[PDB]
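A.B. asks: here is my input, please return the structure:
(chains A, B, C, D and E, ligands or ions: 16)
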Amino acid sequence: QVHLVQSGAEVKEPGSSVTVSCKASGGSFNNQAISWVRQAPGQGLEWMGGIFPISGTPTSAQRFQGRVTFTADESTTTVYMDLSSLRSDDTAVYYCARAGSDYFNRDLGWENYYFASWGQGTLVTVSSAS
Amino acid sequence: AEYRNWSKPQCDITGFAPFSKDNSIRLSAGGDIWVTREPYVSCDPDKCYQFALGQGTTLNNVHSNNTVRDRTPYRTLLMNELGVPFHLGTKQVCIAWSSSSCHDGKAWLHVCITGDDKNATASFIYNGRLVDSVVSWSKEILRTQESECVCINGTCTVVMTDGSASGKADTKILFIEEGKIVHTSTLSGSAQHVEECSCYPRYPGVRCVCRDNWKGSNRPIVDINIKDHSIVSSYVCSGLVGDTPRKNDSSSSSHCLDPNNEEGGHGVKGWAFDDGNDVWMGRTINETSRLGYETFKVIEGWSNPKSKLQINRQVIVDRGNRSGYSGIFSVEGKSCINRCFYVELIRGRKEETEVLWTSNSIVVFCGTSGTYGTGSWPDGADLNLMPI
Amino acid sequence: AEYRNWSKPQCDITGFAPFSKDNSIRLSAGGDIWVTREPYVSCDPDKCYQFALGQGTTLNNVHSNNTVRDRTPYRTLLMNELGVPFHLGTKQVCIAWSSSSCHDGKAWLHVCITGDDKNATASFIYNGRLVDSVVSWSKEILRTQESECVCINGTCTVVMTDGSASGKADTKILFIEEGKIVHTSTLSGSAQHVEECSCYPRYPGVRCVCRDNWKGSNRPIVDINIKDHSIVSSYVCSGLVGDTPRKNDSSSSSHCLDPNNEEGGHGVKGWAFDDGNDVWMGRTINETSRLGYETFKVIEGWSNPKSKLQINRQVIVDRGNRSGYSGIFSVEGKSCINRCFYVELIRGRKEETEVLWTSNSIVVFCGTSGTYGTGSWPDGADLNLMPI
Amino acid sequence: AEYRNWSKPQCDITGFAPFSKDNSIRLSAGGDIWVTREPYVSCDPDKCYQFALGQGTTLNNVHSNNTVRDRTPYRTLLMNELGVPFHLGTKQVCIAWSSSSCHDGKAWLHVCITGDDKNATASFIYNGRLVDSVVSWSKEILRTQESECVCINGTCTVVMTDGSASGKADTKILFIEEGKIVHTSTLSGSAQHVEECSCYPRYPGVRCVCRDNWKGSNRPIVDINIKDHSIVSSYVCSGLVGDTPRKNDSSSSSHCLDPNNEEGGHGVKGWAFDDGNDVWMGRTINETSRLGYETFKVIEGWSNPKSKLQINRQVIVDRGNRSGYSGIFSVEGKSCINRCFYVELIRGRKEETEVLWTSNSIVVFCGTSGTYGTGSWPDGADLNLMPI
Amino acid sequence: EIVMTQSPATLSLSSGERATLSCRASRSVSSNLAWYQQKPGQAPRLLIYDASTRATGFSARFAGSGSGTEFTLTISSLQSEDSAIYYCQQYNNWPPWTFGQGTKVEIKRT
Ligand SMILES: *[C@@H]1O[C@H](CO)[C@@H](O[C@@H]2O[C@H](CO)[C@@H](O[C@@H]3O[C@H](CO[C@H]4O[C@H](CO[C@H]5O[C@H](CO)[C@@H](O)[C@H](O)[C@@H]5O)[C@@H](O)[C@H](O[C@H]5O[C@H](CO)[C@@H](O)[C@H](O)[C@@H]5O)[C@@H]4O)[C@@H](O)[C@H](O[C@H]4O[C@H](CO)[C@@H](O)[C@H](O)[C@@H]4O[C@H]4O[C@H](CO)[C@@H](O)[C@H](O)[C@@H]4O)[C@@H]3O)[C@H](O)[C@H]2NC(C)=O)[C@H](O)[C@H]1NC(C)=O
Ligand SMILES: *[C@@H]1O[C@H](CO)[C@@H](O[C@@H]2O[C@H](CO)[C@@H](O[C@@H]3O[C@H](CO[C@H]4O[C@H](CO[C@H]5O[C@H](CO)[C@@H](O)[C@H](O)[C@@H]5O)[C@@H](O)[C@H](O[C@H]5O[C@H](CO)[C@@H](O)[C@H](O)[C@@H]5O)[C@@H]4O)[C@@H](O)[C@H](O[C@H]4O[C@H](CO)[C@@H](O)[C@H](O)[C@@H]4O[C@H]4O[C@H](CO)[C@@H](O)[C@H](O)[C@@H]4O)[C@@H]3O)[C@H](O)[C@H]2NC(C)=O)[C@H](O)[C@H]1NC(C)=O
Ligand SMILES: *[C@@H]1O[C@H](CO)[C@@H](O[C@@H]2O[C@H](CO)[C@@H](O[C@@H]3O[C@H](CO[C@H]4O[C@H](CO[C@H]5O[C@H](CO)[C@@H](O)[C@H](O)[C@@H]5O)[C@@H](O)[C@H](O[C@H]5O[C@H](CO)[C@@H](O)[C@H](O)[C@@H]5O)[C@@H]4O)[C@@H](O)[C@H](O[C@H]4O[C@H](CO)[C@@H](O)[C@H](O)[C@@H]4O[C@H]4O[C@H](CO)[C@@H](O)[C@H](O)[C@@H]4O)[C@@H]3O)[C@H](O)[C@H]2NC(C)=O)[C@H](O)[C@H]1NC(C)=O
Ligand SMILES: *[C@@H]1O[C@H](CO[C@@H]2O[C@@H](C)[C@@H](O)[C@@H](O)[C@@H]2O)[C@@H](O[C@@H]2O[C@H](CO)[C@@H](O[C@@H]3O[C@H](CO)[C@@H](O)[C@H](O)[C@@H]3O)[C@H](O)[C@H]2NC(C)=O)[C@H](O)[C@H]1NC(C)=O
Ligand SMILES: *[C@@H]1O[C@H](CO[C@@H]2O[C@@H](C)[C@@H](O)[C@@H](O)[C@@H]2O)[C@@H](O[C@@H]2O[C@H](CO)[C@@H](O[C@@H]3O[C@H](CO)[C@@H](O)[C@H](O)[C@@H]3O)[C@H](O)[C@H]2NC(C)=O)[C@H](O)[C@H]1NC(C)=O
Ligand SMILES: *[C@@H]1O[C@H](CO)[C@@H](O[C@@H]2O[C@H](CO)[C@@H](O[C@@H]3O[C@H](CO)[C@@H](O)[C@H](O)[C@@H]3O)[C@H](O)[C@H]2NC(C)=O)[C@H](O)[C@H]1NC(C)=O
Ligand SMILES: *[C@@H]1O[C@H](CO)[C@@H](O[C@@H]2O[C@H](CO)[C@@H](O[C@@H]3O[C@H](CO)[C@@H](O)[C@H](O)[C@@H]3O)[C@H](O)[C@H]2NC(C)=O)[C@H](O)[C@H]1NC(C)=O
Ligand SMILES: *[C@@H]1O[C@H](CO)[C@@H](O[C@@H]2O[C@H](CO)[C@@H](O[C@@H]3O[C@H](CO)[C@@H](O)[C@H](O)[C@@H]3O)[C@H](O)[C@H]2NC(C)=O)[C@H](O)[C@H]1NC(C)=O
Ligand SMILES: *[C@@H]1O[C@H](CO)[C@@H](O[C@@H]2O[C@H](CO)[C@@H](O)[C@H](O)[C@H]2NC(C)=O)[C@H](O)[C@H]1NC(C)=O
Ligand SMILES: *[C@@H]1O[C@H](CO)[C@@H](O[C@@H]2O[C@H](CO)[C@@H](O)[C@H](O)[C@H]2NC(C)=O)[C@H](O)[C@H]1NC(C)=O
Ligand SMILES: *[C@@H]1O[C@H](CO)[C@@H](O[C@@H]2O[C@H](CO)[C@@H](O)[C@H](O)[C@H]2NC(C)=O)[C@H](O)[C@H]1NC(C)=O
Ligand SMILES: *[C@@H]1O[C@H](CO)[C@@H](O[C@@H]2O[C@H](CO)[C@@H](O)[C@H](O)[C@H]2NC(C)=O)[C@H](O)[C@H]1NC(C)=O
Ligand SMILES: *[C@@H]1O[C@H](CO)[C@@H](O[C@@H]2O[C@H](CO)[C@@H](O)[C@H](O)[C@H]2NC(C)=O)[C@H](O)[C@H]1NC(C)=O
Ligand SMILES: [Ca+2]
Ligand SMILES: [Ca+2]
Ligand SMILES: [Ca+2]
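C.D. replies: Residues are numbered from 1 along each chain as shown, chains lettered A, B, ... in the order given. Ligands and ions are numbered 1, 2, ... in the order given. The protein structure is shown below:
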């Protein structure tokens, strides 16, 4: 089946950076955008950004625009997300998701940008503890 | 012949009088007319031409379906004398999904952009032949003005952008001589986002008013020096802002240096120009959709960021009828330079689901020192009756 | 090049010979042709052009329905070389529901009127660009000649009216130089109503014969002085009257100074010209409807108000076929100025209910000093068979 | 005006940038467009023209059926400015089922071939009028370049062949001055078969790269001397061969003097040009059918017969889309001669049985010394939906 | 930029009865609205899109309603598996794609 598969959990020290990845089980990376959404403990959902796997246009939420970068590879059929300058507050579950959207108009923007399918979620925690 | 220099003073404008209309969608219901979007107007020393990016199809045609996408391999730059609709005899001057054109006083320059989203090419065509080319520097949809370029003493200038629409992007100003790229300057000053500039000669330099898709509902300004290639930028001071969407005039604000951060995301291509301390400008009548179109003068709106004192309002299209992109062009008179503008009248998908196609008509107005009355000049086509 | 002066004498006319025909309604039954009314003809120093006010649609089109109204936002001035029918490649020169055009010897002037009934604008377009504009002075349907203007030594003249059709109205004569309004004179003399004038050069001045919708079935005359902007007016003396409706030739009368008060209300655009004491003129063959068309000379009809002595009659369209507006134009020959005329051939609604549209063809004749025979040259389209 | 001499040096090419596209098949689904094959491009001193052999019919027409045959009495040479599609207003310049054209710097020369297979005539038309003619010398389908001729100091040259396609044939080089045949040379050197040559000015002489239907999958070369009418010939050395069909790049070989005898029978019209010891060339992406199109540079490929070292590849049409004939043309710049090429995009019968007709679109590219990106520019028409 | 307000904050009802949830946008989103269900300890799941149509994982008992600036979701005959948190999300043409703060459903059993 098509479904997304994510990388394992991580502990990182403050000021460090973390890499999370997401791969399609079906090898079927069509141009539908892959997006990253996070969930802090006992808190609501938060969109961070995304990328079109073939056309390669990346996008990021304003709060993360200096801190996050996205890249993709059709060969590994995997999307990679890097989050920099980590702090305790970034401790959250990070989910990759597949959007209903597959084209961007210079003038009119996006269409159908809702999440149809989600990954397993990766727990990332920021701490000094061993 | 000699190269253009635009060294005459600006004419004493009191408002705008009607100049031309195309009727393209009404004619299309019984005729072979091209599907288009993103039109513009420019003039040689003798007469004016209308330009548009075709969708490689006529309107009553199976290939007219799904014509909503802005980038495809088939788009070409169409060219006609002003007032002649785009019929099957129209000339295609280059392959393009984005463009700009101007006449230097000896021959036409066309700037044409095509290719893959992440590896596009820009071709420079002058006096009928390809003279130069350059490739996307940030690998994310290379784009230009969708309106005329400006040339002084043979040196033409064009604004080009690469990168994100909702974050920092790379903007460059290219200096061109007979189609050859001679210099390049990176954007400088306090403008944070620059798209779809509308430019006008302001001897000895060039001035441009642009679209900010990221944070401003106030419009960015770019000043270009032709003698030393230097660049500076800022924002339109006026408390009455020109972008769409925007806040209502009762609550909107502006800053001379920074994006106002009010309904900043998204926008629409527009224009404004200086008249001493006053500013002339046009905008959609509605604040959150591309409906109607109005123009007016704002007292001290070029230098005072708190001014909301408007005068000389004109309706061009009433609030119940669709509008679209708009842009300035300049015409040389016997003793002064006049300013004129055009308005894109978009019809069909995605708003009007009665049809499968998307296309536009146009209307054109020119600055007058005389007197004028009132009216409304919409598109006028009946999409309930004509071909789906 | 130099400005026109028309300083040659008038040619020795013995009658009129055929010159051109368009066949527009016959071609429309299988082709893409524009819907029009109120046509006219004018010539530059090298060749003649046909003009018409389009209804912003082709004939075999859903937008052709209800094309009977004279004022809408979509009307534009069409222009072609004489003899080329109005196909989809035709140029639209301005937005207009009323107009006039002329060539000064260096470039074309177009006078274009549009806007709200009670607040209309007049735009002056010269050498391809808008040069001046003026607004309705009486706030009640500003209107002009629907025929060519006349220019001497660079100064063009145009007659304009505002106000009621069935009472006193405000008529002005505007003097124009390279599109700039340089002077204005108010109507003077005994003419009491002045609409749709037909004008001709009569060096050193200009002379115009007009429509009286209020009280005359005799036509008003207006003489214009180009050197001092003075105006005088009167009526056509001839006992054989030129307007429609009118009384029959057995009972009609006229006055050289006043409206004859015979069937005075309503009228139709026409022409007449002086030939010493004689007058040449054209009119509908029927007295109470726009059917057929005839021309003739009236002996002493320019100076004797009791004369009914006609000679040299020609039928142009026979009494069973529709006619419409008609008007004079002047052509410069090798040693004299010739007079030529055109006739609008109206078809469709409201009289012909076989179709939903209203449109016209044209036919054109020129003065000859030679000899001629007979014929009839109607529209010729079969409305019973072609598209509804 | 003066005759062309092409005495400027060749421009420093780094690859090819997009220049034009016609969209003929997409427009044909709702418009009156001519049926064509065997197109080509040529330019006067001011602008470029597109040429094609019409099938004497429009596409949505009963006469469009069975348009696959290359010789019929109705074929004519069509001519338009580059970019204007072949609509009903297009000029037919001569009767022809084979042709070539060029501009000498003063006027156009057209070489037009028609008549019976075994007794055909060649007509030489210069400055609008027939100047000379010649008859088939071997009585077996007289034929020429299907692409532009080349002229230096007023003397134009054209390659012509008569006789078998699968055996020895009679090839002659004709020297023409203002339409008059002034000299003729028979083919000389080691080339054994010469069809459909593509020629380019290489001052002081002319150079041509051709099709070998008999034994070579490597292309023949012909050098022509304009001052003494001498001829010499050979083959393209490159181990990467330009004809179709051919062996794959893993197993193909070539010889500088002889046909390589690898998949030699049949072929397709193409081009190549010298760049010191390197060669620039274009070919179908597929080895055994006319699918896709690519260009590249081969290091030492003009002088070393064992070289397979390629660089600067570009895809023009991807491997899933149809191609056809292709050919070079030359354009004079401010200081150097540029090389440009065109590609025929064939659609319909015999491969695409969804329709009864056969026709083509085109795409055009020019050499650049700047930079460029990537893309694919196919025909784009949907034969499953448009008229059969 | 566009703020999504969702109410009530918490809802509790017995099994075999109808339940209703509501969402409001600070500007009109022209039907560009979707709903998600998240079961405890699992990734969210798409329930409805374009304010009107339900995803393959859900049956006729779930219904969407509203347009412009106000929207509603209704669950028919509540069951043990419905005990979950639900969120609305807008997607009107331009970023960011803001979610509502969510509503928690717990079942009022004996
Ligand atoms: C036929 O054609 C012609 C040409 O098209 C039409 O004329 C044109 O009509 C429009 C109408 O919108 C005019 O634009 C409007 O101009 C006013 C500003 O001008 C007025 O107010 C001035 C200031 O008045 C104050 O101060 C003076 C002292 O200085 C005091 O005495 C006053 O009491 C006030 O306190 C004043 O200087 C102006 O005078 C000049 O003009 C008149 C003629 O109009 C002359 O007699 C004078 O001699 C002198 O030359 C004048 O009185 C703006 O207020 C308008 O914008 C508001 O209205 C819009 C809708 O109309 C609305 O959409 C805008 O948002 C805006 O409304 C907002 O702002 C208002 C204040 O600005 C608020 O009060 C309001 O609640 C809201 O918040 C608009 O810009 C054109 O100027 C005029 N053009 C020409 C060349 O004359 C004519 O209408 C047509 N006729 C018909 C029947 O079709
Ligand atoms: C082939 O083509 C040619 C060219 O197109 C055709 O020829 C043209 O034919 C028309 C016919 O209508 C002519 O127009 C008409 O002209 C007459 C007036 O002219 C006649 O009367 C003149 C005056 O006669 C009196 O005075 C003289 C002395 O001066 C006396 O001798 C007489 O006795 C009278 O008292 C007279 O001078 C004319 O002679 C000249 O012309 C003829 C040719 O016509 C020559 O033979 C002569 O040599 C000489 O050169 C002439 O006899 C008008 O009366 C006509 O208008 C009336 O008729 C119309 C219909 O025909 C009608 O509809 C009008 O309403 C009008 O009728 C009313 O008025 C009448 C009086 O005017 C009343 O009697 C009547 O009851 C009614 O109330 C008309 O204007 C053209 O001139 C002629 N063209 C040319 C250049 O020659 C030819 O017909 C074609 N051939 C064929 C076979 O079709
Ligand atoms: C966006 O647009 C731009 C511009 O259009 C795109 O760039 C263009 O990309 C194409 C890709 O096809 C390039 O053409 C290709 O060129 C290579 C030859 O060049 C490479 O190899 C050179 C030699 O390398 C050997 O030797 C050196 C030591 O000298 C060693 O270090 C190496 O290890 C090797 O042993 C080398 O000199 C070149 O370097 C130069 O160019 C690069 C950029 O490419 C620069 O970074 C360098 O600084 C330097 O300037 C270079 O690395 C050919 O090999 C290609 O042909 C093969 O591949 C085709 C498919 O790509 C295939 O279909 C052909 O049949 C052919 O394959 C066959 O032959 C191969 C060997 O030749 C075999 O390995 C293979 O199995 C098979 O048998 C092709 O000609 C363009 O040059 C380039 N244009 C420009 C102007 O830069 C860019 O790609 C676009 N981006 C995107 C995302 O779309
Ligand atoms: C129309 O204009 C003519 C003059 O001609 C016009 O102007 C030229 C520059 C060209 O553009 C022509 O194509 C164009 O038609 C007027 O005629 C002129 O009138 C004046 C005043 O009566 C005469 O002035 C005199 O000129 C002599 C020298 O020639 C002096 O010595 C005298 O002291 C005096 O200034 C002039 O001679 C005369 N020219 C001719 C050729 O006759 C014409 O009056 C005018 N008419 C109208 C109705 O506007
Ligand atoms: C092509 O023709 C040129 C000459 O130019 C041509 O003819 C002109 C009238 C125009 O129609 C031009 O547009 C057109 O191109 C030839 O150039 C000439 O080459 C010769 C030999 O190298 C030169 O000869 C010398 O000339 C001087 C006098 O100028 C004598 O004193 C010497 O004794 C000797 O003959 C000649 O200078 C040169 N001409 C020019 C204008 O540069 C060219 O050779 C020819 N090329 C080909 C391929 O046919
Ligand atoms: C910008 O370009 C314009 C041309 O479009 C330049 O205008 C030209 O300026 C010169 C010098 O003033 C004029 O030449 C002189 O004209 C007079 C009168 O005809 C003549 O008697 C003299 O012998 C001389 O030729 C020229 O006519 C004028 N052209 C026009 C159409 O006005 C202008 O100088 C340039 N501006 C700048 C700032 O460089
Ligand atoms: C109205 O315009 C016409 C032109 O359309 C004027 O006629 C022209 O007048 C000039 C000045 O007299 C003539 O120039 C002279 O011609 C003679 C003979 O060739 C020559 O020897 C002189 O040196 C001088 O060039 C010109 O030829 C003449 N044109 C024609 C066609 O006759 C006319 O004067 C104007 N009328 C008025 C009332 O001003
Ligand atoms: C090939 O054809 C071109 C024209 O297309 C020839 O170029 C022209 O050659 C002549 C003679 O050399 C040039 O005239 C001279 O120019 C100089 C510099 O301007 C001037 O000082 C002299 O007094 C003289 O007029 C002419 O300008 C030149 N044209 C161009 C556009 O450069 C060329 O000679 C031909 N080549 C060969 C090989 O014959
Ligand atoms: C201009 O904008 C402001 C801000 O949106 C409007 O103020 C709101 O008006 C609505 C009713 O239309 C109220 O429900 C809100 O409570 C108001 N907001 C605040 C902060 O008070 C204002 O009404 C708009 N003006 C016009 C004339 O439409
Ligand atoms: C501004 O334009 C908008 C959008 O065209 C108008 O909003 C629409 O109003 C109608 C009723 O009049 C509704 O049926 C639509 O659903 C609304 N559309 C959207 C997208 O919300 C609005 O009325 C206009 N407002 C003003 C002040 O001009
Ligand atoms: C010209 O007009 C007069 C006036 O209308 C007509 O005279 C009338 O004719 C009818 C018969 O047709 C009589 O019943 C009336 O009594 C007449 N009126 C008068 C005042 O006597 C005359 O018939 C017309 N003549 C022509 C030739 O058209
Ligand atoms: C290039 O050409 C050679 C010669 O035809 C190909 O070699 C043959 O490949 C087929 C399978 O495609 C085998 O069945 C044959 O036994 C091979 N013949 C020989 C002589 O080895 C080769 O596969 C081609 N390679 C490519 C990349 O196209
Ligand atoms: C080269 O082109 C040929 C002919 O167009 C291709 O042959 C087709 O291959 C598919 C399967 O891959 C078959 O179903 C078709 O029937 C074939 N077409 C014909 C006309 O025979 C071939 O695949 C291409 N090969 C390469 C290596 O490019
Ligand atoms: Ca904005
Ligand atoms: Ca009357
Ligand atoms: Ca071969």
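A.B. asks: can you give me the distance of the residue positioned nearest the centre of chain B to residue B:16?
C.D. replies: In chain B, the residue lying closest to the centroid (CA atoms, centre = their mean) is residue B:327, at 3.7 Å. In this view, residue B:327 and residue B:16 are 14 Å apart by CB to CB, to the nearest Å. All C-beta atoms are positioned from the backbone trio N, CA, C, and that covers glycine.
A.B. asks: tell me, what's touching the two both at once?
C.D. replies: By the contact definition CB atoms under 8 Å, 6 or more residues apart in numbering or on different chains, residue B:327 and residue B:16 are jointly contacted by residue B:341.
A.B. asks: for the residue nearest to the centre of chain B, phi and psi?
C.D. replies: Backbone torsions of residue B:327, given as degrees, to the nearest 10, read phi -160, psi 160.
A.B. asks: residues near residue 31, how many?
C.D. replies: I'll assume chain A. Applying other CB atoms under 10 Å in any protein chain shown, we find 14 other residues in the vicinity of residue A:31.
A.B. asks: actually, chain E is the one I wanted.
C.D. replies: For residue E:31, the neighbour count with other CB under 10 Å is 15.
A.B. asks: likewise residue B:145?
C.D. replies: Neighbours of residue B:145 under the rule other CB under 10 Å: 27.
A.B. asks: likewise residue B:297?
C.D. replies: Residues lying near residue B:297 (other CB under 10 Å) number 18.
A.B. asks: what's near enough to touch it?
C.D. replies: By CB under 8 Å, 6+ apart, the contact list for residue B:297 reads B:275, B:278-280, B:310-312.
A.B. asks: the residue in chain A that ligand 8 sits nearest to - nearest residue in space that isn't next to it in sequence?
C.D. replies: Closest to ligand 8 within chain A is residue A:106: 43.0 Å, counting by CB to the nearest ligand atom. Closest residue to residue A:106 apart from its sequence neighbours, by CB to CB, 6 or more residues apart in numbering or on different chains: residue B:70 at 5.2 Å.
A.B. asks: residue A:107 is in contact with the one you found, correct?
C.D. replies: Yes. At 6.1 Å, residue B:70 counts as touching residue A:107 under the criterion of CB atoms under 8 Å.
A.B. asks: related to what we said a few turns ago, mind checking which of the contacts of residue B:297 are in helices?
C.D. replies: Using DSSP state H, no member of the contacts of residue B:297 sits in helices.
A.B. asks: near ligand 1, which of those residues show up?
C.D. replies: Among the contacts of residue B:297, the ones lying near ligand 1 by CB under 6 Å from any ligand atom are B:310-312.
A.B. asks: what's the burial count for residue A:110?
C.D. replies: 23.
A.B. asks: neighbour-wise, give me the winner out of the ones next to ligand 1 among the contacts of residue B:297.
C.D. replies: residue B:310 (17 neighbours).
A.B. asks: the nearest residue to that one once chain neighbours are set aside and residue C:87: what is the separation?
C.D. replies: Nearest residue to residue B:310 in three dimensions, chain neighbours excluded: residue B:296, at 4.7 Å (CB to CB, 6+ apart). In this view, residue B:296 and residue C:87 are 40 Å apart by CB to CB.
A.B. asks: just want the residue of chain A that's nearest ligand 5.
C.D. replies: residue A:106 (48.8 Å).
A.B. asks: that residue touches residue B:71, doesn't it?
C.D. replies: Yes. With contact defined as CB under 8 Å, residue A:106 and residue B:71 form a contacting pair (7.5 Å).
A.B. asks: and for those two, which residues touch both?
C.D. replies: Shared contacts of residue A:106 and residue B:71 (CB under 8 Å, 6+ apart): residue B:141.
A.B. asks: ok, these two, which is more surrounded?
C.D. replies: Ranked by neighbour count (other CB under 10 Å), residue A:106 and residue B:71 place residue B:71 first, with 20 against 17.
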